[PDB]
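Here are the chains, one letter per residue:
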Amino acid sequence: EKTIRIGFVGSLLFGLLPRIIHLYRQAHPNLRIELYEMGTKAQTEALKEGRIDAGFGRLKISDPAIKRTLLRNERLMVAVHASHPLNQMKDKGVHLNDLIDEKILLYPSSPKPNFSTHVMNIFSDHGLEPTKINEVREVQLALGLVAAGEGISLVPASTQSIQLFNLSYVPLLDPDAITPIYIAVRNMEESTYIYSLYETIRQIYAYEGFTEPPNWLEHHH
Amino acid sequence: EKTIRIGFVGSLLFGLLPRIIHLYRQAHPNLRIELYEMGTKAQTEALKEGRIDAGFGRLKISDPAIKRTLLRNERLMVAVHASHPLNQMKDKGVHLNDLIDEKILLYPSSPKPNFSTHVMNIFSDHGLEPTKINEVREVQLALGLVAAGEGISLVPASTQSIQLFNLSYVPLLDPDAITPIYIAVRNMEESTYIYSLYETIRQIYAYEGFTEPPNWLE
């Protein structure tokens, strides 16, 4: 009967999204939940046209008809082969500057902007421009190729959900080597169904010891 | 300037392929190795045109121009949310038959034949036709959606490289609930570079305790 539609970006499935959806589901055994993989652009259009009710994404939205909230900044990490000299630093962590001359694997090859433009922006923003750059189709290809000895990759920290033989994840010491997670809704959105979804996020975050996201409708208050 | 070109399907990246490529690489520090993601149909055509030299995949294609060798049969597993009734039998295992009325997420949505046609073939071989079928973009979408409570999925055993909160992998009891791994080469192929690649696979299999694949050139 009652339907809630949620747009999301693929990479978030490695993060807290599934847990959040599943807990949410329990709060509303009545509710039909439709999930759609879509980019930030498609999310913006859908939200405005009423085709989704909340969008989870990694890019900022330039549209007054949409209210967007930063949930958390996810740390970036470097995926490396176990035998890479950089892995000698797994416990300590490394700096973006240490990577400029490495063969770097970007992904995905979907339309842009995407995570590959994000990574390049992170570098750019730190005054860095890697030349040994190779764009690969999807996350599992980047990781597989890294494990194969083809180079290194920058990944969100939750990518550690994937463990491959001889694949290692090195922390980045740069404060701003991050990838943001946003919720986006219709500017005038007031529904308790969305409130509940947002409260579920707050609950999970508290369990995990993350900074709690802003209070519901703080542009109102 | 010597180049070896290798075709592979993505799902093998969770298996032994990377380790193999890396080890092969060290045996030939001279060699330029190119890796290309492509399905078994594309691999078949690329081999005949000389665009790739070896192909790794999961689906057979009937072609007199290609020599295909079975390396090993991988178990299929059912991916379920930890709360799913099926997870009650995590230790025991379940049958394909227990799954027909479940909402099953197939993947990927790349050109057919792919892994989803393989999965459907496996059901078909056991006299089964599940109807609550949903084709989804990639393995990460399927597993994520499962972890979110959207249904169940069938995966190759090596896909357990992906671990998500409350995602559980259940064994299948049907002896033939498997997904094979093949190497495919040109029929007349006898290059030492491909020999070396094949022997590299043999070496890893011996380390891992897998049954050794056939002798080079039968």
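Residues numbered from 1 in each chain as written, not as in the entry; some residues may be left out. Chains lettered and ligands numbered in written order. Heavy atoms only, no water. Residues with missing side-chain atoms left out of burial classes, pairs and counts.

Undergrad: Looking at this structure, I do not really get the side chain of B:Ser11. What am I missing?
TA: Note on placement: B:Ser11 falls in the loop between β1 (3-8) and α1 (17-27). Here B:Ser11 is in contact with B:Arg58 and B:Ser158, once residues within four sequence places are set aside. (Helix = DSSP H or I, 4+ residues; strand = E, 2+ residues; numbered from the N terminus. Contact = heavy atoms within 4.5 Å.)

Undergrad: I'm lost on helix α5 (residues 192-208) of chain B in this one. Help?
TA: Residues that lie three or four places apart on an α-helix share one face, since the helix turns once every 3.6 residues. All names here are of chain B. Its 17 residues give α5 an end-to-end C-alpha distance of 24 Å, which sits within 8% of 24 Å, the value for a rise of 1.5 Å per residue. Regarding α5, the residues found buried are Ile194, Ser196, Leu197, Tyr198, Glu199, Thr200, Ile201, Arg202, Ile204 and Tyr205. In this structure, the buried residues of α5 make contact with β1, α1, β3 (54-57), β4 (66-81) and β9 (178-186). For α5, the N-terminal capping position is held by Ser191, with its side-chain oxygen 3.0 Å away from the main-chain nitrogen of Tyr193. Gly209 lies just past α5 and shows a positive phi near 80°. (Expected span 1.5 Å × (residues − 1). Buried < 20%, exposed > 50% of the residue type's maximum accessible area, 1.4 Å probe, protein only. Polar contact = N/O pair within 3.5 Å; in protein donor to acceptor, adjacent residues only side chain to side chain.)

Undergrad: So what exactly am I meant to see when it comes to the environment of B:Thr200 here?
TA: All names here are of chain B. Relative to the elements of secondary structure, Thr200 occurs in helix α5. Judged by its relative accessible area of 6%, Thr200 is buried. Residues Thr200 and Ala79, 121 residues apart in the sequence, show an inter-C-alpha distance of 31 Å. With residues near it in sequence (within four places) discarded, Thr200 still touches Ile20, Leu23 and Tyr24.

Undergrad: Got a minute to help me understand the UniProt feature "binding site: benzoate 2" in chain A in this structure?
TA: All names here are of chain A. Here the UniProt-annotated "binding site: benzoate 2" positions come out as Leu16, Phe56, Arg72, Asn114 and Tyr205. Taken together, the annotated residues stretch across 190 residues and extend over separate regions, lying up to 25.5 Å apart by C-alpha. Sequence-distant contacts of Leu16, that is, excluding residues within four places in its chain, are made with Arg72, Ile204, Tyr205, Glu208 and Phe210. On the secondary structure map, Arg72 appears in strand β4 (residues 66-81). (UniProt positions renumbered as here; feature names shortened; annotations may be inferred.)

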